[PDB]
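Okay, structure first, notes after.
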Amino acid sequence: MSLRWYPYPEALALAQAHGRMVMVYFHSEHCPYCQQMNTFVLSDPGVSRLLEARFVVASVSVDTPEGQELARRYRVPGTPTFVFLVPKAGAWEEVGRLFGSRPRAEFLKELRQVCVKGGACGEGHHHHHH
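Residue numbers (the numbering used here): 34 to 163.
And the structure:
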């Protein structure tokens with residue numbers, strides 16, 4: 034495999050033990066909205082390269098108990114649901130969620146933003162009214 038798609042437990046463990054970031058990818062076959070983007074846009078070598086760099090991707094099935102549970106916990110629809118979690122100090126930080134597939138342009142925007150969010154999340158010192 035090229036990009037690393039591990040189960041939710043492993044993805045968190047790999048990230049935690051290797052100082053990486055977590056990409057929680059919620060997928061369902063009952064939500065066929067992702068299959069269009071996932072195949073081309075998400076499997077894009079450019080996109081995948083940003084994930085390979087610092088991310089551990091969690092392939093979670095929303096229709097099965099663990100995904101069902103996470104759907105209760107995080108409150109998630111079908112697919113594609115991208116939840117980015119950063120391991121910092123000793124806690125997991127959700128830096129945002131992407132839903133609606135989007136073109137890789139917008140996806141890479143957030144994928145790059147999250148790349149910064151890993152250390153930039155927690156900002157608010159420099160207040161802004163926009």
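Note that the Cβ used here is the ideal one computed from N, Cα and C, for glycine as well.
Asked	Found
The region 63-75 / the region 85-94 touching (three or more Cβ pairs under 8 Å)	no
Proximity to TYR58 [Cα-Cα], best of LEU45, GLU99, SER92 and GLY79	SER92
Buried or exposed by the 16-neighbour rule on C-beta atoms within 10 Å, applied to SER76	exposed
In DSSP terms, what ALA124 is bridged to	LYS121
Which of helix, strand or coil DSSP assigns to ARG137	helix
Whole-Å CB distance - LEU141 paired with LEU83, under 8 Å assumed	7 Å
Buried versus exposed, by CB contacts within 10 Å (16 or more), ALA48	buried
Bounding residues of the alpha helix (DSSP H) (the contiguous stretch that carries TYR41)	41-51
Rounded straight-line distance, which links the Cα of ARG37 to that of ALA104	22 Å
Residues that DSSP places opposite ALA153 in a beta bridge	DSSP, once it has assigned bridges, lists no residue as partnering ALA153.
Cβ distance (whole Å) where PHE117 is taken to contact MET34 below 8 Å	Contact flag wrong, Cβ pair sits at about 21 Å.
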